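Below, in structure tokens: the form deposited without the named molecule, a single chain.
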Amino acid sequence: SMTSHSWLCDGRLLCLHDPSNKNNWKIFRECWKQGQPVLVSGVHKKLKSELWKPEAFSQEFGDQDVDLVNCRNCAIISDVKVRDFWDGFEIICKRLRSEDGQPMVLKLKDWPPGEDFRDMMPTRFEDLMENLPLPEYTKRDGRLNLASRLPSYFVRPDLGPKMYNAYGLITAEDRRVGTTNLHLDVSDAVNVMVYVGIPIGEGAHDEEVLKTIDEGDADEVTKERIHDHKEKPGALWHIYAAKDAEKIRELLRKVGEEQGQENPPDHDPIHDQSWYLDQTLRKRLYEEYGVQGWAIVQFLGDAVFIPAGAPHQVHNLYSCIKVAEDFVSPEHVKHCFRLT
């Protein structure tokens, strides 16, 4: 039967089921005030699916110049055409190859660039902004979004949204790599999975995806969305409470020293955006520092709410198109204040 919500991460994560329900705020706001992330499913059913396909982005914008990142080694591929990324999104025999002759796992950097999403893609902008969940928090002029209402004593987010496009990580060695490394934001954010591309060529890659989710610490109910409902999984997230950020910095300073990095005692390994917490590091954070996180699988049409100050990392299972909007809730405005 249809219900309003469920609890994932062994009861520790709210999952809303109706993205446009006028009463969602009554369930949301208590979890949000406690500094927890929230998942909202079903946003893909509200969108115009023809606007969010890789072949359309290639046809309309393919002649623009961009830089890519090689996810495996962080090498920058400079000044290529954006069609060279899009045409390899799902079809493995079209991907740029490294010198070993293997197809690369690539991330499309800063595209559309800076604040240009609205100017470059006005119809996509309308379709996304009109269908964001919790609109009093997430719309540019929502009553509970302080972004447009704060003086210069607060760090204000750029004008959004921002698009995040990258291929899926494939191999057993790839399990230790991030799509986006561990970092934090001083604003709140909502991140929507608008498209998941499951390839063909090296298609039959189902098995390494299940081992990644299982070793990723995903709960038993999350494993049921695959086997029972056949939903498309996009990306594995780990999110940590804002209150645990300094304990994470202590672990990463100790590990940086063990690995012969030579860092001053005060340097900030989260701001550096240079670490991915693999199974070994996540277990060491729990056992040695007492810190538990949330392991979240973001399926097609899931919106992940990330609280200001919360350290988080992202590992794509398949090729993903994500679109994110920043906002400033009253619950978490302390995180962007420039004094004390």
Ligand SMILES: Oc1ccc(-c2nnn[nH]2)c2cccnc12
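The numbering used is simple: start at 1 and walk along the sequence shown. The term rigid core refers to the maximal set of C-alpha atoms that superpose within 1.5 Å between the two forms.
Put simply, when the other structures in 8 other deposited structures of this protein are lined up on the rigid core, the C-alpha atoms of 221-229 lie farther off than those of the other stretch, from 221-229 and 165-173. Annotation for 98-106 versus 237-245: the higher mean temperature factor (C-alpha) is found in 98-106. Stretch comparison (274-282 versus 296-304) by mean CA B-factor in the PDB entry places 274-282 on top.
Residue set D185, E250, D87, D214: peak C-alpha B-factor at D214 (per PDB entry).
Taking the PDB entry at face value, the top CA B factor among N73, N191, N165, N181 belongs to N73.
Among the modelled residues of its chain, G114 has a C-alpha B-factor that falls in the highest third, as given in the PDB entry. Per-chain ranking of the deposited C-alpha B factor places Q313 in the lowest third.
Compared with the other modelled residues of the chain, the Cα B-factor recorded for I92 ranks in the middle third. When the modelled residues of the chain are ordered by C-alpha B-factor, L150 sits in the middle third. Looking at the C-alpha B-factors along this chain, the one for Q261 belongs to the highest third.
The form solved in complex with the named molecule is left out here; the points below concern that form.
Between the options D174, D185, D87, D127, the residue in contact with the named molecule in the bound PDB entry by a heavy atom within 4.5 angstroms is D185. Residues with any non-hydrogen atom within 4.5 angstroms of the named molecule in the bound PDB entry fall in just one of 117-125, 185-193, 139-147, 255-263: 185-193.
Contact annotation: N131 falls outside 4.5 Å of the named molecule in the bound PDB entry, judged by heavy atom distances. Contact check for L285: no non-hydrogen atom falls within 4.5 Å of the named molecule in the bound PDB entry. By the criterion of a heavy atom within 4.5 Å, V314 is counted among the residues contacting the named molecule in the bound PDB entry. With a 4.5 Å cutoff on heavy atoms, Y164 counts as touching the named molecule in the bound PDB entry.
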